[PDB]
Amino acid sequence: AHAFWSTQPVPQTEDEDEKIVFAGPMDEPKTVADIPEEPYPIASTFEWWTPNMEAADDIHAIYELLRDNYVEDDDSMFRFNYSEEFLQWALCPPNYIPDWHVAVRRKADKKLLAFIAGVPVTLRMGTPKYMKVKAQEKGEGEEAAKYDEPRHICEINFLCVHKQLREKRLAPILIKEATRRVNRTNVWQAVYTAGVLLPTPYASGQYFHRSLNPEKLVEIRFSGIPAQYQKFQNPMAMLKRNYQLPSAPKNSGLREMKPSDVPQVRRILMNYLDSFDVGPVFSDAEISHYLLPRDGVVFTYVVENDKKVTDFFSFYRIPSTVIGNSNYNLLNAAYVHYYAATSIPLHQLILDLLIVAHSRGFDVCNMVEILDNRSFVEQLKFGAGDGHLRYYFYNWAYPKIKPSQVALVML
Ligand SMILES: CCCCCCCCCCCCCC(=O)SCCNC(=O)CCNC(=O)[C@H](O)C(C)(C)COP(=O)(O)OP(=O)(O)OC[C@H]1O[C@@H](n2cnc3c(N)ncnc32)[C@H](O)[C@@H]1OP(=O)(O)O
Ligand SMILES: Cc1nn(C)c(C)c1NS(=O)(=O)c1c(Cl)cc(-c2ccnc(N3CCNCC3)c2)cc1Cl
C-alpha cells in the first residue's frame, strides 16, 4: 500500500499504465485561485524556510544537509556529495523560481531538517511515436496530438529528510508544499527521477559504469576484480590494462566550448533531441547555463574543425563520500550529460569524454541507458550496474516508453 502515493494524481499500477494511450493530465483542471495561499500546515516546532540558492551561506547550509543525509547505496558505502557550486548551477538555471527551493528547519535553533527543490524545464511530453501510430490506425490522431507542444513544467530533485527524522511522514508534507508552490505559479505537471520504484514510472533505465581508475574502485569496493581475471598471474595489472586510456584526446579539433559556440551547439543538440519521445527544449540562455564549462561542475567540449562546430559532448561531476574506507575520502564520478554527433560516430566522440575525464582525475564514468547511450556501451567497456533510474511524471498520463526514447538528463 502507499498511504501517500495513493492520494496523488499519478498512475497507480503497471496495469493502469498499459491502458494509457494518449499523453494528458490525470487531475481536474484547476486554477491558481483554487490553490491555498497559506503554506501547507506543519508541526508547531517546525517552520518552512526558503533558502537563497545564489547566496553562499544558504547554499552551504543545504550542501551540509545533502552531504550528510542524501542518497546512499544500500550497504552505506557511498553517499552523494554534490558540491556547493553544483547546487547553485543545478538549482538556479534561467528563469528559475526561488520559491521552488523548499526547506524545513526546527524553529527553536534553526536546525536544518529537510529539503526539496523544483526548477523550470520546457519539456516535449506529447504522445510518443509508437502510440501516435496506434492513434492514426484508429482515427484518434486528434486526441493523440492534443499535448504535442512543449510544456513549461517543474523538474523536482534533491528531496532529502534528515536521518534522525526518517519514517515520520515528513517527505509527503515536503512534496505537498512543493506542489502548492508550483501550482500557485500555474504549473500543474512535474518530472522527477528516483532510484526507487514508486507508483508508477513511464520509463526506466539501468545505470552503466566505465572504470577509469579501477585500482581505486576495487580498493573502495565500488568494483571487484571479476572472477575471469583470477586466471592471470596479476589480476589487478590486467584489470588496469583492460581499462587503460589515451592520455590526450584523439579527435582533431576538440576544445572546450565557448560562449560563441552556443547557437551552433543549440542547433545540433535540438536537432538530435527531436528524435526522442520525451526531451527538453533549450533556449540559448539555457544552453549557456547547462553546457558552458564551470570548474569542478560541468565540462563541455566541441569538435571544431576548420572553424565549424560539428559535434560536442558534456559531462558533469558528482563526487560520492566514501563512508567506510580509510584510504580514500571520495569517489570522483563523471556523468555523461548532453552530446550530439554529426561528423564522427558516437563511440569516437565519447571515447574522448572518457579520455578527458580520466586526465582530470575522475575515477568512473556513469550514465543511464537513455539517449543513444547504448550505442557505445560495449566498445567503450561500460558495464551495467545494479542501479536503475526510474522516470516519473506528476499529474501526467503517459504511455510506457523505452529508455532509449528518453532525452532528458537528470542531475
Ligand atoms: C505540479 C508540481 C508537482 C511537484 C511534486 C512532484 C512530485 C515529486 C515527488 C518527489 C520526487 C523526489 C526525486 C528525488 O529527489 S529522488 C532522491 C530522494 N532522496 C533520497 O533518496 C535521500 C535519502 N533518503 C531520504 O532523504 C528519505 O528516505 C526520503 C526523503 C526519500 C523519504 O523520507 P522518509 O524515508 O523519511 O519517508 P517518509 O515517512 O517521510 O515518507 C514516506 C513516503 O515517501 C515515499 N518516498 C520514499 N522515497 C521517495 C522518493 N525518492 N520520491 C518520492 N517519494 C518517496 C514513500 O513511498 C512513502 O510514501 P507511500 O509509499 O507511504 O505512499
Ligand atoms: C557511486 C555512487 N554513489 N552513490 C550515492 C551511489 C548510490 C553510487 N553507486 S552507482 O554509481 O552505482 C548509483 C548512482 Cl551514481 C546513482 C544512484 C541513484 C539512486 C537514487 N537516485 C538517483 N538519482 C539521480 C538523479 N536525481 C535523482 C536521484 C541515483 C544509484 C546508484 Cl546504484
# chains A, B, ... in the order shown; residues from 1 in each chain; ligands from 1

$ closest_atom_pairs --of "chain A" --to "ligand 1" --cutoff "8 Å" --atoms "only C-alpha atoms and all ligand atoms" --output "CSV"
residue,atom,partner,partner_atom_place_in_ligand_line,distance
A:1,CA,ligand 1,61 (O),6.6
A:2,CA,ligand 1,63 (O),3.2
A:3,CA,ligand 1,62 (O),4.3
A:4,CA,ligand 1,63 (O),3.4
A:5,CA,ligand 1,63 (O),3.7
A:6,CA,ligand 1,63 (O),6.0
A:7,CA,ligand 1,63 (O),7.9
A:66,CA,ligand 1,22 (C),7.9
A:69,CA,ligand 1,23 (C),6.0
A:70,CA,ligand 1,22 (C),3.9
A:71,CA,ligand 1,22 (C),4.0
A:72,CA,ligand 1,23 (C),6.7
A:114,CA,ligand 1,30 (C),7.6
A:116,CA,ligand 1,15 (O),6.9
A:118,CA,ligand 1,4 (C),7.4
A:153,CA,ligand 1,1 (C),7.5
A:154,CA,ligand 1,2 (C),6.1
A:155,CA,ligand 1,6 (C),7.7
A:156,CA,ligand 1,11 (C),5.7
A:157,CA,ligand 1,15 (O),3.9
A:158,CA,ligand 1,15 (O),4.1
A:159,CA,ligand 1,15 (O),3.8
A:160,CA,ligand 1,26 (O),3.5
A:161,CA,ligand 1,26 (O),3.9
A:162,CA,ligand 1,26 (O),6.3
A:163,CA,ligand 1,26 (O),7.1
A:165,CA,ligand 1,36 (O),6.1
A:166,CA,ligand 1,36 (O),3.2
A:167,CA,ligand 1,39 (O),3.4
A:168,CA,ligand 1,39 (O),4.4
A:169,CA,ligand 1,39 (O),3.4
A:170,CA,ligand 1,40 (O),3.8
A:171,CA,ligand 1,40 (O),3.5
A:172,CA,ligand 1,41 (O),5.6
A:173,CA,ligand 1,40 (O),7.8
A:175,CA,ligand 1,5 (C),5.4
A:176,CA,ligand 1,5 (C),7.0
A:178,CA,ligand 1,4 (C),5.4
A:179,CA,ligand 1,4 (C),4.0
A:180,CA,ligand 1,2 (C),7.2
A:181,CA,ligand 1,2 (C),7.8
A:182,CA,ligand 1,2 (C),5.1
A:183,CA,ligand 1,1 (C),5.8
A:187,CA,ligand 1,1 (C),5.8
A:188,CA,ligand 1,1 (C),4.0
A:189,CA,ligand 1,1 (C),4.1
A:190,CA,ligand 1,3 (C),4.8
A:191,CA,ligand 1,6 (C),6.8
A:192,CA,ligand 1,13 (C),5.3
A:193,CA,ligand 1,13 (C),5.3
A:194,CA,ligand 1,16 (S),4.1
A:195,CA,ligand 1,16 (S),6.7
A:196,CA,ligand 1,51 (N),6.3
A:198,CA,ligand 1,57 (O),6.1
A:393,CA,ligand 1,6 (C),7.4
A:394,CA,ligand 1,6 (C),5.2
A:395,CA,ligand 1,1 (C),6.9

$ residues_near_ligand --ligand "ligand 2" --cutoff "8 Å" --atoms "only C-alpha atoms and all ligand atoms" --output "PyMOL selection string"
chain A and resi 70-74+78-81+157-158+192-196+207-209+222+319-321+331+333+366-367+385-389+410-411

$ residues_around --residues "residue 134 in chain A" --least-positions-apart "2" --cutoff "12 Å" --atoms "only C-alpha atoms" --output "PyMOL selection string"
chain A and resi 20-22+127-132+136-141+143-144+399

$ closest_residue --among "A:200, A:213, A:288, A:247" --to "residue 400 in chain A" --atoms "only C-alpha atoms"
A:200

$ closest_residue --among "A:27, A:246, A:352, A:203" --to "residue 368 in chain A" --atoms "only C-alpha atoms"
A:203
